[PDB]
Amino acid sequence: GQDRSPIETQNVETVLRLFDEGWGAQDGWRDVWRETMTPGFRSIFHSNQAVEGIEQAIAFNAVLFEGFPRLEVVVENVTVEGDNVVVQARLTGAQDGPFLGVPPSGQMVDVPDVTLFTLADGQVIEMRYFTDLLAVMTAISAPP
């Protein structure tokens, strides 16, 4: 296969930091987001309207991680073409905090996901996200 261009490989390296030092379960992630994303970064969660601005997008991510404060991510595919990087991962952890209106249940989740990044001049400008959110909401809303 054709090797990644220099820009492609740097784009990947930059994005992959968001799954380690910049992962919301890791202390210090916000500063990694601030060094990686542009100020006008836009975050898109499933079909929700974009959250516009880096601090706004950080705040939104923080809310998600209150629901799953120990959430683990395992990257299992990276695909890059130019300034588009696609990361597929699996998420595992317990819903030990409030999440999208559901009180903490302690349920375990184990789901695939996909994050679709756009970069410009080495910085992340947009992130689109999907998981199996219906399965997550069903699992955590399930009666005792």
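Quick note: we count residues from 1 along the sequence shown, nothing fancier.
Which of the two stretches, 135-143 or 3-11, shows the higher mean Cα temperature factor in the record?
Comparing 135-143 with 3-11, the higher mean C-alpha B-factor belongs to 135-143.
Compared with the other modelled residues in the chain, in which third is the CA B-factor of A57?
Its C-alpha B-factor belongs to the lowest third of this chain's values.
Would you check the entry's CA temperature factor for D110 and let me know if it's in the chain's lowest, middle or highest third?
As the PDB entry reports it, the C-alpha B-factor of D110 lands in the middle third of its chain.
Split into thirds by Cα B-factor across the chain's modelled residues, where does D83 land: lowest, middle or highest?
Middle third by C-alpha B-factor.
Which third of the chain does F41 land in by C-alpha B-factor: lowest, middle or highest?
CA B-factor rank for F41: middle third.
Quick one: classify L16 as lowest, middle or highest third of the chain based on its Cα B-factor.
Its C-alpha B-factor belongs to the lowest third of this chain's values.
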